Amino acid sequence: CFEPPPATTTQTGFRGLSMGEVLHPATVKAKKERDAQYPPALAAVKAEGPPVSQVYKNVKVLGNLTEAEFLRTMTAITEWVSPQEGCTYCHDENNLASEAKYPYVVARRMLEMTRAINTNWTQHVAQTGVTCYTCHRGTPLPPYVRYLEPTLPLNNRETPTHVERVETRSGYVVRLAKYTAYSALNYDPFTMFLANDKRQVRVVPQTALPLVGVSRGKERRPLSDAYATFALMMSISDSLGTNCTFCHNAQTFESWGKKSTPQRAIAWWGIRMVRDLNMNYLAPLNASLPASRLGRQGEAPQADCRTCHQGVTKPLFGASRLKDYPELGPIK
Amino acid sequence: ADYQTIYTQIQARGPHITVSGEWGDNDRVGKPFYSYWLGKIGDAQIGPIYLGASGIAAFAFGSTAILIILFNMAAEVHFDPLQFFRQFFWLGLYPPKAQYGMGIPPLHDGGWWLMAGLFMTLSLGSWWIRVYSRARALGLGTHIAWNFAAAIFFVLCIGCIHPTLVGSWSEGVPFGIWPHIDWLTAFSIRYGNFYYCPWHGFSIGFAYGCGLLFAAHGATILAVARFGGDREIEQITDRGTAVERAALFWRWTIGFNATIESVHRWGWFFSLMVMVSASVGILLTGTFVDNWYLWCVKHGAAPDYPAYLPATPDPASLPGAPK
Amino acid sequence: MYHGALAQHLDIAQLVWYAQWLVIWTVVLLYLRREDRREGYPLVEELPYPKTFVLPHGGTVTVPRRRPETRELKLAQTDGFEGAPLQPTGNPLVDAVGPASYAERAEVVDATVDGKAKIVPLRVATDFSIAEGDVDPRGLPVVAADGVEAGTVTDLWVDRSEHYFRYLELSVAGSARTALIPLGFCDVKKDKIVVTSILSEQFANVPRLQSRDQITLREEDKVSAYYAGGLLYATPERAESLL
Amino acid sequence: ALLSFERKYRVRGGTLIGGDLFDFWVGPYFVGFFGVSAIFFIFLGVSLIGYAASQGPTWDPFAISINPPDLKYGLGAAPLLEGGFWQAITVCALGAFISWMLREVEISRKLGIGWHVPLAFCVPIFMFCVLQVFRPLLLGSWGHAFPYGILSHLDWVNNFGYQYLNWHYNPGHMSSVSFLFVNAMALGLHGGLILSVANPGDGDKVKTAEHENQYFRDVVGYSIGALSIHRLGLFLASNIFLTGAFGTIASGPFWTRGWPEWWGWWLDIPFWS
Ligand code: BCB
Ligand code: BCB
Ligand code: BCB
Ligand SMILES: C/C=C1/c2cc3[nH]c4c(c3C)C(=O)[C@H](C(=O)OC)c4c3nc(cc4[nH]c(cc(n2)[C@@H]1C)c(C(C)=O)c4C)[C@@H](C)[C@@H]3CCC(=O)OC/C=C(\C)CCC[C@H](C)CCC[C@H](C)CCCC(C)C
Ligand SMILES: CC(C)=CCC/C(C)=C/CC/C(C)=C/CC/C(C)=C/CC/C(C)=C/CC/C(C)=C/CC/C(C)=C/CC1=C(C)C(=O)c2ccccc2C1=O
Ligand code: HEC
Ligand code: HEC
Ligand code: HEC
Ligand code: HEC
Ligand SMILES: CC(C)=CCC/C(C)=C/C=C\C(C)=C\C=C\C(C)=C\C=C/C=C(C)/C=C/C=C(\C)CC/C=C(\C)CCCC(C)C
Ligand SMILES: CCCCCCCC/C=C/CCCCCCCCOC(=O)[C@H](O)CO
Ligand SMILES: [Fe+2]
C-alpha cells in the first residue's frame, strides 16, 4: 500500500512554495542499476586511411568514416540493438552490401534519425545526446513505444494479460489510465499531442478578461482540450519520474519567466523533437516493416518521452557517448 | 464526564409518535423498527417514510438518470461484469468532447450525458417540492427548502447555466467517481487557477466556517446537555441556564455571543453562503473573467516571488522556434 | 474588446466583489448581530424590536423575558475592580450562585405535542420501558463522590416527546424524601449509579419538586444547576487551581 | 458591560493554574493565566509579523508573505530574514492556540459545563501541527511547511497537491472532503430545522420536538434526534481534519508517487487484471 520513509526531496521554487522532487530511494536505485547496463564506449581506433565510401559498396550515411571507424560503429550498433542475434540481424551473412533484410533499411534511417537528434535537436538533448541504446536498450524492438491506441504493458518485454491486450475491449479504460499516471482522464495524449503537430497543448487564456470573438459558442475550444492537456501532463510527469513542480509553479501553469523552471523549456523542445521524430522518421517506416510490427491501423511503433526517459528526468541519468561516437552527431 | 454526551446509557422505548400533517398522513409507509446499536448514538427508530407524488417522481426521474449513467459506464467496459466492478471509479458519462456549442450533442458524444442531466434536474426539482411541502404540511417554516434551493442552484450553475452562458455543453460536469473529480482540475486550469477566484475563497471561508461552527455549536450543546440544552425550541421560547452558560462561555472567550435561536441563523447563513458564493464565482467564470490569476494580477492582488531556478523565457517566442 | 470590461480600468467581477462584501457585512452586522441581542439586553453595570412567539398550547411569549419578580444573589465582591470575581456569602449550592445558578424559567410543566406532561416517571408513563440490553437502575444504590451510598433509585423520568430518559429519582437515605438527578450526572453501572458531582450529605438539599409526579421547567433548571454547582463547590479544593 | 443574567455566574474558581491572581475579567473577556499567556504570544507573534513584513517588498494585505526556510537548512535555525521569522512566528502561533484552548477549559470549569469545546478545538490545533510540525519533521526540513500569507499559503497548498499529480485521488483527502461537505450540509439542515420550528410564519404556533422528528422521518425515513444531531455535527466537523491528517502525513513520508497510482492496490490485483 505504502512506500517507507525516508523520502528524498528537492527544491525547485522559492522557499515556502512546496515545489520540487519527491523521490523513493529504492526506486531511484533500481533505475540507476538498470540504466548502468549502458555498455561502455568501444576503444578508439585508427583515424587515418581511405573513407568507406571508397572501401565498401553500399554506405550512404557513414561514408566519411575510415574502415576501422566504420566497423567500430557496426560493433557499437550491434551491442546496442541486436546483441543476441549479432551482425546478421540486419545483414545477409554472405553479402554485407545487401539490403534484403528489413532491419538494414530501417537501421540506415535510424542512423539518419540519430544524427538529426544530436545535430538539429540540441535544444533538447544538449551535449548529452542519444545513441541507439537510449531507446533500444539492447533489443531490436525498443521496450517503450506507442501505437495509435493505448497498449499495455507499457514495457513490451512484459507479458500482457488477456485484459491488457488491445483486442480485449473491456480493458480500454485501464490502458488509457496506465498511460496517464492512473487517472480516469478519457484522452490518449500520445495520438492527440505527440504523433503530430496538429493540436495545441496550451489551453489557458493569457488575458484576465474573455476576448470578444473567441469566447462564445463555437468560437470556443471545447473544455475537453483542458482535460486532454492535463492527460498529457500526467503522462509526461510519469514518463520522467517526476511531478508538475519540476517544471511549473502551479500558481500559474500558463506563465513562463519566474513561474517556470529551465526544465520546462527543455520539455517544450522535447515535444517538438518527438513530433519531428514521429512525423518524419518513425511513422513513415510502416512501409518498411513487416505486418507483424505494425499496430491495428497499420502504424509503425512511434516514440514518446518514455521511449528515451524511461522514468527518469534525464535518460540514463545523463550518461553520454557523444564524444565517443562523433558519427552519430552533431554533424558539421 | 457526562457519559450521555458520548452515548445513551439507558435507552427508552415507547409507542411510536405520529404528528399529523395537513395532508398525506395516509401515504406514510413502513413498519418502524428499532436498532439497539443505533439507539446508542441517535434515535433507535427507523421508518416509517412518507411517499407522496413528489418523492415518487423524484425516484422515477433519478432512477432513470442513474440507469442512463450506469448503462453508459457498462458500455465503457464492454459490459464485462468483473471489469465493471474492478474499474468502476474510472468509469464515466461525459459531456460532449467536440464543440457543438449549445447544439444538442450526438448520443455517442454528449447526448446521453445531457439526457441524464435533464433527469437529474427533474429529480432534484421533485425532491425540492417534497422538502418544501413536508414543511408546509407540518406547519413549519421553509428554511430547509430555501437552503436546499441554493445547493440545487449551484448544481445548475456547474451543470447548465455556466455552459449556457459561455455557449457550450462541453463545459459541464461528467458523471462518475473519478471523472467528476477530473473536471475540477480541467475547469480550474481553463480559467486560470480557482485559488485566485475570490468567490472560491468566499465559498471556502464559509465551508471551513461551517466546520468551525458545527464543531463549536455541537460541542457547546453537548457541554450544556446536563441542563437540557438539546431542547433548543423551549430554550428559545423560555431561556434556561443551559443557554445562559453557553452564551457566557462564548462571551468570556471571544468577547461576544449569540442566542440559542440566532446561532442557528449563523449556521444556516454560513451553509447557504457556501453555495451562494460558489454559484456567483461560477456565474462570473468564463462569462466575465477568463483567467482568475491574471485578473488578480490586473488588480494588484497576486503574490509574487523571487526566482529560485533562473527565470525561463517562453521558448515559443524565440526567433526561428517551431510552432 | 473584452467581455466584462467597463469604463475606467473597471470590470464586472471587480464591482461584484464590492457588492458581495457589502452584502456579507450588512447581514452580519445589521441582521445577525441584532438577532444575537434578543437575550441579555439591555446590558447592566443597536437593539431589535421585540420578538413575539405564539406558543403550541395557547398564549404567547415576547423575548427577552422581563420577570415581575427579581432574585437576591448571595454573592459578595472580592475587590473594587469592575472585573473582579464574586464570592458566595453562604452555601452556594442552596443559594444557587456561580455554577449552581438556575434561570427563572416558567413554572409550567413542559408539554408533549398532545398536551400531556413531557417529563414524567415510568410509574406515570406506563406505556414506556427500558430497552433490552440496558441496566434497569431501579433498586440500585446511588454512590456519591465520597464513595458513600446516598440513597436508592426509585424511578426513571422519561421525555415522552423524544423517547429519552432525562433523570433518575432516588430516595435520599436518612431524609424521608426523594431527589431527582439528571442522567448526565450519573455513571450507570450494573450494581450501582456513581455520582461524582456531589458528596453523599449534599443530596439532602437537592431542590425539591412541588408535585411528586410532574416537574416544571424552572424545577428542571434548579435540579440540574445544583449538581453542576457541586463540580466547583462539593469540596473546598474544587474551587481552587487544579495545579 | 454585563448581560442581564450574567452577574450570578461571575464567581471565582475553575482555574487550572494561578489561583485568584489572574481570575478576573477585562470587559467581557475572562483572563486567567492562559489569557495572559495568550496575549503574550499574540503580541509577540503579531509584532514579529510586523517587523518581518516591513522588510519585504509589499504592504498589500493579499500579497504580503512570511515564508519558511529553504529545504537545505533542515531542522536547524535559519537566519531571520531567510526563514527565521517564520520559525519564531510558528512557535508564537502554537503558544497562542494552546493558551486559547486551556483558557477555554478554565471558562468551562467556572461555568460548570463540559470541556467539549476546548477538546473540539484541539482538532484544528492538531491539524496545524501536522502541517507545520509533524510532516516537516518526517521529511527532515522546516522548509516543507506552509508560508504565512493570505494568498501565498494557497500557492503552497496548490503546489503541494500537484506534487502528487492529482491530490483529489488522495484517499485521506477524499474522506476529508466528504466530511467537509456532509458537515456543511448537516449544519444547514439543522439550523434550518430549528428555525422552521420556531419560525413557522404568519401568526402560527411554534412547533415541537415531535414535529422535528416527524419532518425528517417523513423526508428521509429517519430522524437522529435533538441531542444526537449535536454529537453528530461535532463528529462530522472533527473528522474533516482527523481523517485529513492521514492523507497529509502520508504524502511524502509514506508515498512518493502520484495519488491516482496508489489505487493500484485495487486495480492491479492479478485476478482481474
Ligand atoms: C492544507 C490547507 C490549508 C488552507 C487552505 C485554504 C484555502 C484553499 C483557502 C483558504 C482561505 C483562508 N485561510 Mg487557509 N488558513 C488560515 C486562514 C485563512 C483565511 C485567510 C481564509 C479564510 C478562512 C476561513 O474563513 O476559515 C473559517 C474561519 C472563520 C469563518 C472564522 C474567521 C477566520 C479569519 C478569517 C481568519 C483570518 C486570519 C488572517 C490571515 C489573520 C492572520 C492572523 C493575524 C491577526 C496575525 C489560517 C489562520 C490557517 C492556519 C492557522 O493554519 C490556515 C491554514 C490552511 N488554509 C492550510 C494550509 N485556506 C481562503 C481564502 O480566501 O484565502 C485567501 C481559501 O480559499
Ligand atoms: C485543481 C482544482 C481546484 C478546485 C476546483 C473547484 C471548482 C471547479 C469548483 C470548486 C468549488 C469549491 N471548492 Mg475548490 N477547493 C476547496 C473548496 C471548494 C468548495 C467550498 C467550493 C464549493 C463546492 C462545493 O461545496 O461542492 C459540494 C456541494 C455540491 C456539489 C452541491 C450538491 C447538492 C445537490 C442538491 C445534491 C444532489 C444529490 C443527489 C442525490 C444526486 C442524485 C444523482 C442521480 C440522479 C444521478 C478547498 C477547501 C480547496 C483546497 C483546500 O485546496 C479547493 C481547491 C480547488 N478547488 C483547486 C484549486 N473548486 C466550487 C466553487 O466555489 O466555484 C466558484 C466549484 O465550482
Ligand atoms: C491542487 C491542490 C488541491 C488540494 C490540496 C490540498 C492539500 C495539500 C491538503 C489539502 C487538504 C484539504 N482539502 Mg484540498 N480540497 C478540498 C478540501 C480540503 C480540506 C477538507 C482538507 C483540510 C484543510 C486543512 O488542512 O485546513 C487546515 C486548517 C487549519 C490547520 C486551521 C488552524 C486554525 C487554528 C487552530 C486557529 C487559527 C486562529 C487565527 C490565526 C486567529 C485569527 C484572529 C482573528 C480570527 C480574531 C475540497 C473540498 C477540494 C475541491 C472542491 O476540489 C479540494 C481540492 C484540492 N486540495 C486540490 C486538488 N488539500 C488538507 C488535507 O487534509 O489533505 C488530506 C491538506 O493537507
Ligand atoms: C475540524 C474543526 C474545525 C475548527 C474548530 C474550532 N475552531 C475553534 C474552536 C473550535 C471548536 C474554538 O473554540 C475557537 C474559537 O474561539 O471559536 C470562536 C476556534 C477558532 N478557530 C479560529 C479560526 C479558524 N478555524 C479554522 C478551522 C477549524 N476550526 C476546523 C474546521 C480555520 C481554517 C479552516 O482556516 C480558521 C482560520 C479562530 C476564530 C478561533 C481560534 C482563535 C484563537 O486561537 O485565538 C488566539 C490566537 C489569536 C487571537 C491570534 C494568534 C496570532 C499568531 C501569534 C500569529 C498568526 C500565525 C498564523 C499561523 C498565520 C496564518 C496566516 C495565513 C494562513 C493567512
Ligand atoms: C482587551 C484585552 C487585551 C483583554 C485581555 C484578556 C483576553 C485574553 C482577551 C482576548 C482578546 C482576543 C484575542 C480577542 C479575539 C477573540 C476572537 C478569537 C474572536 C473571533 C470570533 C470569530 C471569528 C468566531 C468564528 C465563529 C463565529 C462565526 C461565531 C459567531 C456566532 C457565535 C457568537 C457563536 C458562539 C455560540 C455558539 C457556538 C453556541 O452554540 C451558542 C449556543 C447558545 C447560546 C449562545 C451560543 C454562542 O454564542
Ligand atoms: C542493423 C542494426 C545493423 C547491424 C546489427 C549491423 N549492421 Fe552493418 N550495416 C547496416 C547499415 C544501415 C549499413 C549501411 C550504412 C550506411 O551508411 O549506409 C551497413 C553497412 C555495413 C557494411 C558495408 C558493406 C558494403 O556496403 O560494402 C559492412 C562491411 C558492415 N555493415 C558490417 C557489419 C558488421 C561486421 C556488423 C556486426 C558486428 C554489422 N555490420 C552489424 C546495419 C547494420
Ligand atoms: C528512439 C528515439 C530511437 C533511437 C535513438 C533509435 N531507434 Fe531504432 N527504433 C525506434 C522505434 C520507435 C522503432 C520501431 C519499432 C521496431 O522495433 O520496429 C525502431 C526500430 C528499429 C529497427 C527495426 C527493429 C525491428 O522492427 O525489428 C532497427 C534495426 C533500429 N531501430 C535500429 C536503430 C539504430 C542502428 C539506431 C542507432 C543509430 C537506432 N535504431 C536508434 C526508436 C529508436
Ligand atoms: C516538464 C517536464 C513538465 C512537467 C513535469 C509538467 N508540464 Fe505542464 N507544460 C510543460 C510544457 C513544456 C508546456 C507547454 C507545451 C506547449 O506545447 O506549449 C506545458 C503546459 C501546461 C499547461 C497549459 C499551459 C497553457 O499555457 O495553457 C497546463 C495546464 C499544464 N502544463 C499543467 C501541468 C500539470 C497539472 C502537470 C502535472 C501533473 C504538469 N503540467 C507537468 C511542461 C511540463
Ligand atoms: C530521446 C530521443 C528523448 C526523447 C524521446 C525525449 N527526451 Fe527529454 N532528454 C533527452 C536527453 C538525451 C536529455 C539530456 C539533456 C541534458 O540536459 O542532460 C533530455 C532532457 C530532458 C529534460 C531536462 C531534464 C533536466 O534538465 O534535469 C526534460 C525536462 C525532458 N528531457 C523532457 C522531455 C519531454 C517532456 C519529452 C516528451 C515530449 C522528452 N523529454 C522526450 C532525450 C529525450
Ligand atoms: C446504490 C445506490 C442506491 C444508488 C447508486 C448510485 C450510482 C452508482 C450512480 C451512478 C454512478 C455514480 C456513482 C455516478 C456519480 C456521479 C457524480 C458523482 C456526478 C456528479 C455531478 C454531476 C453534475 C453536477 C451534472 C450536472 C448536470 C446538469 C445540471 C444538467 C442539466 C441539463 C439540463 C437542465 C437540460 C436542459 C437542456 C435541454 C436542451 C434538454
Ligand atoms: C472531538 C472529538 C470528535 C468526536 C466526538 C463525537 C462524539 C462525542 C464525544 C465526546 C467525548 C468528549 C467529552 C468528554 C466529557 C466532557 C467533560 C470533560 O471533562 C473531563 O472529565 C475530562 O477529564 C476532559 O475531557
Ligand atoms: Fe442546535
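Numbers in chain A come straight from Swiss-Prot, and the residues shown are 21-352, in order.
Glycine residues also receive a Cβ, built from the backbone N, Cα and C atoms like all the rest.
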#### Entry: Site co-member for heme 4 according to Swiss-Prot, given A:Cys325, A:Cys328, A:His329, out of A:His111, A:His144, A:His182
A:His144
### Task
Find the shortest Cα-Cα separation between A:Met94 (heme 1 binding site) and the binding-site residues A:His144, A:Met253, A:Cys264, A:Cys267, A:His268, and name the residue that gives it.
A:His144
### Query
If we check Cα distances from A:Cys155 (heme 2 binding site), which of the binding-site residues A:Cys107, A:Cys110, A:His268, A:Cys325 wins as closest?
A:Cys325
### Query
Closest to A:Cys107 (heme 1 binding site): which of the recorded positions A:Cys21, A:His144, A:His156, A:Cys264, going by Cα position?
A:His156
#### Entry: binding-site residues compared (A:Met130, A:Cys267) - highest count of Cβ atoms within 10 Å
A:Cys267
### Message
Rounded to a whole angstrom, what is the C-alpha distance between A:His156 (heme 2 binding site) and A:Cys328 (heme 4 binding site)?
### Response
9
### Task
Give the subset of the binding-site residues A:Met130, A:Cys152, A:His156, A:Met253, A:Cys264, A:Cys328 lying near ligand 6, defined as CB under 6 A from any of its atoms.
none
### Query
Between the binding-site residues A:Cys107, A:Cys152, where is the Cβ count within 10 Å the lowest?
A:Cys107
### Message
Whole-number answer please: how many Å between the C-alpha atoms of A:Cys110 (heme 1 binding site) and A:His144 (heme 4 binding site)?
### Response
30
### Task
Specify the nearest of the recorded positions A:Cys21, A:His111, A:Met130, A:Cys267, A:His268 to A:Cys325 (heme 4 binding site), where nearness means the distance between Cα atoms.
A:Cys267
### Cβ under 8 Å to chain D, applied to recorded positions A:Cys21, A:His111, A:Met130, A:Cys155, A:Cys264, A:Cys325
A:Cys21, A:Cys264
